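**Q** What follows is query-v7.csv; its format and atoms are CSV, C-alpha atoms and all ligand atoms.
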```
chain,number,residue,atom,x,y,z
A,2,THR,CA,108.6,96.9,84.1
A,3,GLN,CA,111.4,94.5,85.2
A,4,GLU,CA,110.4,90.8,84.6
A,5,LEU,CA,112.7,88.7,86.8
A,8,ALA,CA,109.9,88.0,91.8
A,9,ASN,CA,111.7,88.5,95.2
A,10,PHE,CA,114.4,90.9,96.2
A,11,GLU,CA,117.5,88.8,95.4
A,12,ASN,CA,116.3,88.5,91.8
A,13,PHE,CA,115.4,92.2,91.5
A,14,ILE,CA,118.9,93.3,92.6
A,15,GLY,CA,120.5,90.5,90.5
A,16,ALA,CA,118.6,91.6,87.4
A,17,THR,CA,119.2,95.4,87.7
A,18,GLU,CA,122.3,96.2,89.8
A,19,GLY,CA,124.1,92.8,89.8
A,20,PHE,CA,126.3,91.5,92.6
A,21,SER,CA,130.0,92.3,93.2
A,22,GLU,CA,132.4,89.3,93.3
A,23,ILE,CA,132.7,89.9,97.1
A,24,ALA,CA,128.9,89.9,97.6
A,25,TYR,CA,128.3,86.8,95.4
A,26,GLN,CA,131.3,84.8,96.9
A,27,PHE,CA,130.5,85.8,100.5
A,28,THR,CA,126.9,84.8,100.2
A,29,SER,CA,127.9,81.5,98.6
A,30,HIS,CA,130.4,80.7,101.4
A,31,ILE,CA,127.9,81.7,104.1
A,32,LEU,CA,125.2,79.4,102.6
A,33,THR,CA,127.7,76.6,102.3
A,34,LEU,CA,128.8,77.0,105.9
A,35,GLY,CA,125.1,76.9,106.6
A,36,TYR,CA,124.6,73.3,105.4
A,37,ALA,CA,128.1,72.2,106.5
A,38,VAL,CA,127.1,73.0,110.1
A,39,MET,CA,123.8,71.1,109.8
A,40,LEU,CA,125.6,68.0,108.7
A,41,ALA,CA,128.1,68.2,111.6
A,42,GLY,CA,125.1,68.8,113.8
A,43,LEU,CA,123.3,65.7,112.4
A,44,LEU,CA,126.2,63.5,113.4
A,45,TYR,CA,126.5,65.1,116.8
A,46,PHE,CA,122.9,64.5,117.7
A,47,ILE,CA,123.1,60.9,116.4
A,48,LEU,CA,126.4,60.1,118.3
A,49,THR,CA,125.4,61.7,121.6
A,50,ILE,CA,121.8,60.2,121.8
A,51,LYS,CA,123.2,57.6,124.2
A,52,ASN,CA,124.3,60.2,126.7
A,53,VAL,CA,120.7,61.1,127.8
A,54,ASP,CA,118.1,58.9,129.6
A,55,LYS,CA,115.5,57.1,127.5
A,56,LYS,CA,112.8,59.5,128.6
A,57,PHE,CA,114.4,62.6,127.0
A,58,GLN,CA,115.6,60.9,123.8
A,59,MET,CA,112.7,62.0,121.6
A,60,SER,CA,114.4,65.5,121.9
A,61,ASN,CA,117.7,64.2,120.5
A,62,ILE,CA,115.7,62.4,117.8
A,63,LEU,CA,113.8,65.6,116.8
A,64,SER,CA,117.1,67.5,116.7
A,65,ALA,CA,118.5,64.9,114.3
A,66,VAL,CA,115.5,65.0,112.0
A,67,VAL,CA,115.7,68.8,111.9
A,68,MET,CA,119.3,68.5,110.9
A,69,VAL,CA,118.4,66.2,108.0
A,70,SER,CA,115.9,68.7,106.6
A,71,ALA,CA,118.1,71.7,107.4
A,72,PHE,CA,121.1,70.0,105.6
A,73,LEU,CA,119.1,69.0,102.5
A,74,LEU,CA,117.2,72.2,102.0
A,75,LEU,CA,120.1,74.6,102.9
A,76,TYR,CA,122.2,72.5,100.5
A,77,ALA,CA,119.6,73.1,97.8
A,78,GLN,CA,119.4,76.8,98.7
A,79,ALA,CA,123.2,77.2,98.3
A,80,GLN,CA,123.1,75.5,94.8
A,81,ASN,CA,120.2,77.7,94.0
A,82,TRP,CA,122.3,80.8,94.7
A,83,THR,CA,125.3,79.8,92.5
A,84,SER,CA,123.0,78.5,89.8
A,85,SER,CA,120.9,81.7,89.7
A,86,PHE,CA,123.6,84.4,89.2
A,87,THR,CA,126.4,84.4,86.6
A,88,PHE,CA,129.4,86.6,85.9
A,89,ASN,CA,129.3,89.3,83.1
A,90,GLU,CA,132.9,90.0,81.9
A,91,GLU,CA,131.9,93.4,80.4
A,92,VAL,CA,130.5,94.8,83.6
A,93,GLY,CA,132.4,92.6,86.1
A,94,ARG,CA,129.4,91.7,88.3
A,95,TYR,CA,127.1,88.7,88.7
A,96,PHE,CA,123.6,89.1,87.2
A,97,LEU,CA,120.4,87.0,87.2
A,98,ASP,CA,121.0,84.2,84.7
A,99,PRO,CA,117.9,83.7,82.5
A,100,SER,CA,119.1,80.2,81.6
A,101,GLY,CA,119.2,79.4,85.3
A,102,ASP,CA,116.2,78.7,87.6
A,103,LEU,CA,116.1,82.1,89.4
A,104,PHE,CA,116.7,82.5,93.1
A,105,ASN,CA,113.9,80.9,95.1
A,106,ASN,CA,113.1,81.4,98.9
A,107,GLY,CA,110.9,78.3,98.7
A,108,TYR,CA,113.8,76.1,100.0
A,109,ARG,CA,114.3,78.0,103.2
A,110,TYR,CA,110.5,78.5,103.8
A,111,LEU,CA,109.8,74.8,103.3
A,112,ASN,CA,112.6,74.0,105.8
A,113,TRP,CA,110.8,76.4,108.2
A,114,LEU,CA,107.4,74.7,107.8
A,115,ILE,CA,109.0,71.3,108.6
A,116,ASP,CA,111.4,72.4,111.3
A,117,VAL,CA,109.5,75.0,113.3
A,118,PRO,CA,106.9,72.5,114.6
A,119,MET,CA,109.6,70.0,115.6
A,120,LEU,CA,111.8,72.6,117.4
A,121,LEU,CA,108.8,73.8,119.5
A,122,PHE,CA,107.7,70.2,120.1
A,123,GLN,CA,111.0,68.9,121.4
A,124,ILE,CA,111.3,71.0,124.6
A,125,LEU,CA,108.1,69.2,125.8
A,126,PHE,CA,110.2,66.0,126.0
A,127,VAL,CA,112.8,67.5,128.2
A,128,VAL,CA,110.9,69.8,130.7
A,129,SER,CA,107.8,68.8,132.6
A,130,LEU,CA,104.8,71.2,132.5
A,131,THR,CA,103.0,71.9,135.7
A,132,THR,CA,99.4,73.2,135.2
A,133,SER,CA,99.4,73.2,131.4
A,134,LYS,CA,98.5,70.2,129.3
A,135,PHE,CA,101.1,68.7,126.9
A,136,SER,CA,98.5,68.4,124.2
A,137,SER,CA,97.3,72.0,124.5
A,138,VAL,CA,100.8,73.4,124.3
A,139,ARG,CA,101.6,71.1,121.4
A,140,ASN,CA,98.5,72.0,119.4
A,141,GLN,CA,99.1,75.7,120.0
A,142,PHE,CA,102.8,75.5,118.9
A,143,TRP,CA,101.9,73.5,115.7
A,144,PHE,CA,99.0,75.7,114.6
A,145,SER,CA,100.6,79.1,115.3
A,146,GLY,CA,103.9,77.8,113.8
A,147,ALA,CA,102.3,76.6,110.6
A,148,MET,CA,100.3,79.8,110.3
A,149,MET,CA,103.4,82.0,111.1
A,150,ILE,CA,105.4,80.4,108.2
A,151,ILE,CA,102.5,80.1,105.8
A,152,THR,CA,101.5,83.8,106.1
A,153,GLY,CA,105.1,84.8,105.9
A,154,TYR,CA,105.5,82.8,102.7
A,155,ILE,CA,102.5,84.6,101.2
A,156,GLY,CA,103.9,88.0,102.3
A,157,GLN,CA,107.3,87.2,100.7
A,158,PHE,CA,105.8,87.0,97.2
A,159,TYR,CA,104.9,90.7,97.4
A,160,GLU,CA,108.3,91.8,98.6
A,161,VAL,CA,109.1,93.7,95.4
A,162,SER,CA,105.7,94.1,93.7
A,163,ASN,CA,103.5,95.2,96.6
A,164,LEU,CA,105.2,96.4,99.8
A,165,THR,CA,101.8,97.0,101.5
A,166,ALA,CA,100.9,93.3,101.1
A,167,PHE,CA,104.5,92.3,102.1
A,168,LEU,CA,104.2,94.3,105.4
A,169,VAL,CA,100.6,93.4,106.2
A,170,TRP,CA,101.1,89.6,105.8
A,171,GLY,CA,104.4,90.1,107.7
A,172,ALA,CA,102.4,91.7,110.5
A,173,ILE,CA,99.8,88.9,110.6
A,174,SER,CA,102.8,86.5,110.7
A,175,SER,CA,104.3,88.4,113.6
A,176,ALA,CA,100.9,88.0,115.5
A,177,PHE,CA,101.4,84.2,115.4
A,178,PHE,CA,105.1,84.7,116.3
A,179,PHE,CA,104.1,86.7,119.4
A,180,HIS,CA,101.8,83.9,120.5
A,181,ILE,CA,104.6,81.4,120.1
A,182,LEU,CA,106.9,83.5,122.3
A,183,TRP,CA,104.1,83.7,124.9
A,184,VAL,CA,103.5,80.0,125.0
A,185,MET,CA,107.3,79.1,125.0
A,186,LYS,CA,107.8,81.5,127.9
A,187,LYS,CA,105.1,79.7,129.9
A,188,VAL,CA,106.6,76.3,129.0
A,189,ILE,CA,110.1,77.5,130.2
A,190,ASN,CA,108.7,79.0,133.4
A,191,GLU,CA,106.8,75.7,134.1
A,192,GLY,CA,109.9,73.7,133.1
A,193,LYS,CA,111.9,75.6,135.8
A,194,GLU,CA,109.6,74.3,138.6
A,195,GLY,CA,110.9,71.1,140.3
A,196,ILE,CA,114.3,70.9,138.7
A,197,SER,CA,117.8,71.5,140.0
A,198,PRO,CA,119.2,75.1,139.9
A,199,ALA,CA,121.7,73.9,137.3
A,200,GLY,CA,118.8,72.9,135.1
A,201,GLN,CA,117.1,76.2,135.7
A,202,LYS,CA,120.2,78.1,134.6
A,203,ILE,CA,120.3,76.2,131.2
A,204,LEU,CA,116.5,76.9,130.7
A,205,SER,CA,117.2,80.6,131.2
A,206,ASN,CA,119.9,80.5,128.5
A,207,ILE,CA,117.5,78.5,126.2
A,208,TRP,CA,114.9,81.3,126.6
A,209,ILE,CA,117.4,84.0,125.7
A,210,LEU,CA,118.8,82.0,122.8
A,211,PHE,CA,115.3,81.2,121.6
A,212,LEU,CA,114.1,84.8,121.9
A,213,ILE,CA,117.1,86.4,120.1
A,214,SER,CA,117.5,83.6,117.4
A,215,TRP,CA,113.8,83.6,116.4
A,216,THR,CA,113.6,87.4,116.2
A,217,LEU,CA,116.5,87.4,113.6
A,218,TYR,CA,114.0,85.9,111.1
A,219,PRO,CA,111.6,88.9,110.9
A,220,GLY,CA,114.7,91.1,111.0
A,221,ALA,CA,116.0,89.4,107.9
A,222,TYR,CA,112.6,89.4,106.3
A,223,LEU,CA,112.5,93.2,106.8
A,224,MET,CA,116.3,93.6,106.1
A,225,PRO,CA,116.2,95.3,102.6
A,226,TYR,CA,113.8,98.0,103.8
A,227,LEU,CA,115.4,98.8,107.2
A,228,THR,CA,117.1,102.0,105.7
A,229,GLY,CA,114.2,103.0,103.4
A,230,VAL,CA,114.1,102.5,99.6
A,231,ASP,CA,116.9,104.9,98.9
A,232,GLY,CA,118.8,103.2,101.8
A,233,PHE,CA,122.2,101.5,101.8
A,234,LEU,CA,120.5,98.1,102.7
A,235,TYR,CA,118.2,98.3,99.6
A,236,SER,CA,121.0,96.7,97.6
A,237,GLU,CA,123.4,93.7,97.4
A,238,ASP,CA,124.4,94.7,101.0
A,239,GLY,CA,120.8,93.9,102.2
A,240,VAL,CA,120.9,90.6,100.3
A,241,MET,CA,124.3,89.9,101.9
A,242,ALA,CA,123.0,90.8,105.4
A,243,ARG,CA,119.7,89.0,105.0
A,244,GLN,CA,121.4,85.7,104.0
A,245,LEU,CA,124.0,86.1,106.7
A,246,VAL,CA,121.4,86.7,109.4
A,247,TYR,CA,119.2,83.8,108.2
A,248,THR,CA,122.2,81.5,108.5
A,249,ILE,CA,123.1,82.8,112.0
A,250,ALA,CA,119.5,82.2,113.0
A,251,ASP,CA,119.4,78.7,111.5
A,252,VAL,CA,122.6,77.6,113.4
A,253,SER,CA,121.3,79.2,116.6
A,254,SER,CA,117.7,78.1,116.5
A,255,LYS,CA,118.5,74.5,115.5
A,256,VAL,CA,122.0,73.5,116.5
A,257,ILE,CA,122.7,75.6,119.5
A,258,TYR,CA,119.1,75.2,120.7
A,259,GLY,CA,119.5,71.4,120.3
A,260,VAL,CA,122.8,71.3,122.1
A,261,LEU,CA,121.4,73.3,125.1
A,262,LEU,CA,118.3,71.0,125.3
A,263,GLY,CA,120.7,68.0,125.3
A,264,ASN,CA,122.8,69.5,128.1
A,265,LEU,CA,119.6,70.2,130.1
A,266,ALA,CA,118.5,66.5,129.6
A,267,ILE,CA,121.9,65.4,130.9
A,268,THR,CA,121.7,67.7,133.9
A,269,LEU,CA,118.2,66.4,134.7
A,270,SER,CA,119.4,62.8,134.9
A,271,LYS,CA,122.1,63.8,137.5
A,272,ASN,CA,119.5,64.4,140.2
A,301,LIG,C1,115.0,76.6,112.0
A,301,LIG,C2,114.1,77.7,111.4
A,301,LIG,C3,113.4,78.5,112.2
A,301,LIG,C4,113.4,78.4,113.7
A,301,LIG,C5,112.6,79.6,111.6
A,301,LIG,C6,111.9,80.5,112.2
A,301,LIG,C7,111.2,81.5,111.4
A,301,LIG,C8,110.5,82.5,111.9
A,301,LIG,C9,110.4,82.7,113.4
A,301,LIG,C10,109.9,83.5,111.0
A,301,LIG,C11,109.2,84.6,111.4
A,301,LIG,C12,108.6,85.5,110.5
A,301,LIG,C13,107.9,86.6,111.0
A,301,LIG,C14,107.6,86.6,112.5
A,301,LIG,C15,107.5,87.8,110.2
A,301,LIG,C16,108.1,87.7,108.8
A,301,LIG,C17,107.9,86.3,108.2
A,301,LIG,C18,108.7,85.3,109.0
A,301,LIG,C19,108.3,83.9,108.6
A,301,LIG,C20,110.2,85.5,108.6
A,302,NA,NA,127.2,81.2,88.9
```
With the file now loaded, output its structure as structure tokens.
Ligand SMILES: *C/C=C(C)/C=C/C=C(C)/C=C/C1=C(C)CCCC1(C)C
Ligand code: NA

**A**
Amino acid sequence: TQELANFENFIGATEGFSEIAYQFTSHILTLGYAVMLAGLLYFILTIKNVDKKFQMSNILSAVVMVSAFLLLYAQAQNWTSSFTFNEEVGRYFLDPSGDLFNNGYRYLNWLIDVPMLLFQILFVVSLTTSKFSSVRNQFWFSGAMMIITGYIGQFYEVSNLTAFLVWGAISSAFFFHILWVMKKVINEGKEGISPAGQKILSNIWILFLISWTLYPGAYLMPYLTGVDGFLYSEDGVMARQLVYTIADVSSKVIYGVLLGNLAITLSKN
């Protein structure tokens, strides 16, 4: 029995991490929060560039950046605090005098950010036949549920793969519903805007679809080559944390930038 849970800790306690793996992950997580702070300033500075009626979107972007910056900063500190060099072996191992790697930071970020990200498109596009309040409530419920059930799942990642995957499947149910509602919102948003605006919404959809699907990918990452597999290792920890960071930048900053551009193109008409 290996007291330690979560996958980063398990690897850290048994295998350890190479200098490369440890340093790379550290730098990736740092770039994570660096990009959010630059984003925060961007959304603040450019708020004036869009008409009053759209500005709640820029605002929500900014607030997402605040939470993303704070919690990803915490996550990065959590990484370097949690693993420590052994001279004998020449790898980084779980430090028992540290606090242990904790996914809580990222998952809290998700609980806060997912509702706002879904919400903020409703202040740029106009629905047609759907009700603002119906779409909102559906986003908020399914979003909360998606993150909550995921978080439950993630506890069993090492200890009970069955629970890990089942909770993850439930989570994916809510995910699918979100995709379905977002697609409706984007299709309705395309009616009665310039072709320029339609083109940007097409790109938002693609970005949204790819970026949000990275998260379940990273969730599953360690297991995507079986238990004997090359990913079931520091390389899976590396890839998971890399993909989470690519997702965060794309789902928050690039998403936000695209919505801003759409808002500007809408005023032009
Ligand atoms: C800015 C952060 C965002 C947009 C986070 C999004 C997170 C997800 C879409 C998570 C989805 C998950 C599943 C669909 C299954 C596995 C558990 C999750 C929470 C990773
Ligand atoms: Na350390």

**Q** Which residues of chain A come within 8 Å of ligand LIG 301 (chain A), and for each one, what is the closest pair of atoms and their distance in Å to one decimal, counting all atoms listed in the file, sorted by chain and residue number, as a tab-separated table?

**A**
```
residue	atom	partner	partner_atom	distance
A:67	CA	A:LIG301	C1	7.8
A:71	CA	A:LIG301	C1	7.4
A:110	CA	A:LIG301	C19	7.6
A:112	CA	A:LIG301	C2	6.9
A:113	CA	A:LIG301	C2	4.8
A:116	CA	A:LIG301	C1	5.6
A:117	CA	A:LIG301	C4	5.2
A:120	CA	A:LIG301	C4	7.1
A:149	CA	A:LIG301	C19	5.8
A:150	CA	A:LIG301	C19	4.6
A:151	CA	A:LIG301	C19	7.5
A:152	CA	A:LIG301	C17	7.2
A:153	CA	A:LIG301	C17	3.9
A:154	CA	A:LIG301	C19	6.6
A:156	CA	A:LIG301	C17	7.3
A:157	CA	A:LIG301	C17	7.6
A:170	CA	A:LIG301	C16	7.8
A:171	CA	A:LIG301	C16	4.5
A:172	CA	A:LIG301	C15	6.4
A:173	CA	A:LIG301	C15	7.8
A:174	CA	A:LIG301	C15	4.9
A:175	CA	A:LIG301	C14	3.9
A:176	CA	A:LIG301	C14	7.5
A:177	CA	A:LIG301	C14	7.3
A:178	CA	A:LIG301	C14	4.9
A:179	CA	A:LIG301	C14	7.7
A:214	CA	A:LIG301	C4	7.6
A:215	CA	A:LIG301	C9	4.6
A:216	CA	A:LIG301	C9	6.3
A:217	CA	A:LIG301	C9	7.7
A:218	CA	A:LIG301	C20	4.6
A:219	CA	A:LIG301	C16	4.3
A:220	CA	A:LIG301	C20	7.6
A:221	CA	A:LIG301	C20	7.0
A:222	CA	A:LIG301	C20	5.1
A:223	CA	A:LIG301	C16	7.3
A:250	CA	A:LIG301	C3	7.2
A:251	CA	A:LIG301	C1	4.9
A:252	CA	A:LIG301	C1	7.8
A:254	CA	A:LIG301	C4	5.1
A:255	CA	A:LIG301	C1	5.4
```

**Q** With all atoms listed in the file as the atoms that count, which of A:123, A:81, A:162, A:205 lies nearest to ligand NA 302 (chain A)?

**A** A:81

**Q** Pick out the closest residue to residue 30 of chain A from this set: A:245, A:62, A:74, A:47. Count only C-alpha atoms.

**A**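 The closest residue to residue 30 of chain A is A:245.
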
**Q** Measuring atom to atom with only C-alpha atoms and all ligand atoms, identify which of A:262, A:97, A:66, A:204 is nearest to ligand NA 302 (chain A).

**A**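 For ligand NA 302 (chain A), the nearest of the given residues is A:97.
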
**Q** Distance limit 9 Å, reference ligand NA 302 (chain A), atoms considered: all atoms listed in the file. Which residues make the cut? Give them as a ChimeraX atom specification.

**A** /A:25,82-88,95-96,98,101

**Q** Using all atoms listed in the file, which of the listed residues (A:111, A:50, A:260, A:242) sits closest to residue 225 of chain A?

**A**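 Result for the nearest residue to residue 225 of chain A: A:242.
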
**Q** Would you pick out the contacts of residue 24 of chain A at 9 Å or less, using only C-alpha atoms, so that residues sharing its chain but fewer than 6 positions from it are not included, and give the list as a list in words?

**A**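 Near residue 24 of chain A, the qualifying residues are residues 237, 238, 240 and 241 of chain A.
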
**Q** Keeping only C-alpha atoms, take the residues you just selected and write them out as a PDB file, keeping the file's coordinate frame.

**A**
```
ATOM      1  CA  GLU A 237     123.400  93.700  97.400  1.00  0.00           C
ATOM      2  CA  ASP A 238     124.400  94.700 101.000  1.00  0.00           C
ATOM      3  CA  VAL A 240     120.900  90.600 100.300  1.00  0.00           C
ATOM      4  CA  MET A 241     124.300  89.900 101.900  1.00  0.00           C
TER       5      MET A 241
END
```

**Q** Between atom CA of residue 118 of chain A and atom CA of residue 270 of chain A, what is the spacing in Å?

**A**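 Computing the Euclidean distance for atom CA of residue 270 of chain A and atom CA of residue 118 of chain A yields 25.7 Å.
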
**Q** Counting all atoms listed in the file, figure out which residue out of A:224, A:138, A:5, A:32 gets nearest to residue 249 of chain A.

**A**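 Ranking A:224, A:138, A:5, A:32 by distance to residue 249 of chain A, first place goes to A:32.
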
**Q** Quick one: pull the distance between atom CA of residue 34 of chain A and atom CA of residue 64 of chain A, Å, one decimal.

**A**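 We find that atom CA of residue 34 of chain A and atom CA of residue 64 of chain A lie 18.5 Å from each other.
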
**Q** Figure out the distance between atom CA of residue 122 of chain A and atom CA of residue 143 of chain A, please, to one decimal in Å.

**A**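 These atoms are spaced 8.0 Å apart.
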
**Q** Looking at all atoms listed in the file, which of A:243, A:187, A:51, A:56 is the one that sits closest to residue 133 of chain A?

**A**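 Among the listed residues, A:187 lies closest to residue 133 of chain A.
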
**Q** How big is the axis-aligned box around all listed atoms of segment 108-125 of chain A once 4 Å goes on each side, and where's its centre, in Å to one decimal, as AutoDock Vina command-line options?

**A**
```
--center_x 110.6 --center_y 73.7 --center_z 112.9 --size_x 15.4 --size_y 17.6 --size_z 33.8
```
